[PDB]
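Heads up, the thing below is written out as structure tokens.
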Amino acid sequence: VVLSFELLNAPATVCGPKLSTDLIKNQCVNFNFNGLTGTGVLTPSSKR
Amino acid sequence: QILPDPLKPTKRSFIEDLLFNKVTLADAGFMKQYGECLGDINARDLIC
């Protein structure tokens, strides 16, 4: 069996077992979005 | 024209005012606040 996929560049609907939390804004936090991890401040955006 | 005029608010002379008007600078304050940069993101400021 050969599994093929792509990572951290487009929408995804298959994920590992993890618990999601609530969204914190205007505060420096560690974040993990669909596997992309980092640190920063999250604000609402006007981009479409 | 080459000496400052007490009447005008400016402390420079007329020709000095012309000279300062002829050169354009990206910014002059040397002060850019975190709130200013975070809140004008849509502008994509080079200084930010």
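Heads up, the Cβs are rebuilt from the backbone with ideal geometry, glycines too, and the neighbour counts pull from every protein chain shown. Read-outs throughout are calculated quantities, based only on the coordinates presented, and are distinct from any laboratory measurement.
Couple of notes before you dig in:
- Answer residue from region B:1-36, given it is more than 30 Å from A:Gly40 (Cβ to Cβ) and among the basic types (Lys, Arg) and is surrounded by the most Cβ atoms within 10 Å (Cβ to Cβ) among those: B:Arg12
- Only one of the listed residues (A:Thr43, A:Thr37) is over 18 Å from B:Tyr34 (Cβ atoms) and either within 14 Å of another protein chain (Cβ to nearest Cβ) or of a type in the set (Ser, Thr, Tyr) (or both). That residue is A:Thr37.
- From A:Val41, A:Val2, A:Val14, residue being of a type outside the set (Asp, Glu) and surrounded by 10 or more Cβ atoms within 10 Å (Cβ to Cβ): A:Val41
- The residues of region A:23-40 that are of a type in the set (S, T, N, Q) and either in contact with a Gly (Cβ under 7 Å, 6 or more places away or on another chain) or not in a strand (DSSP E or B) (or both), listed by number, are A:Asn26, A:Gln27, A:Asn34.
- Some residue of region A:4-11 being of a type in the set (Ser, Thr, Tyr), more than 14 Å from chain B (Cβ to nearest Cβ) and under 11 Å from the mean Cα position of the chain (by Cα): no
- Restricting the first member to region B:33-48 and to residues that are more than 14 Å from chain A (Cβ to nearest Cβ), and the second to residues that are aliphatic (A, V, I, L, M) and part of a loop (DSSP other than H, G, I, E, B), the beta-carbon pairs closer than 8 Å and six or more apart or on different chains are B:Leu46/B:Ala26; B:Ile47/B:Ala26.
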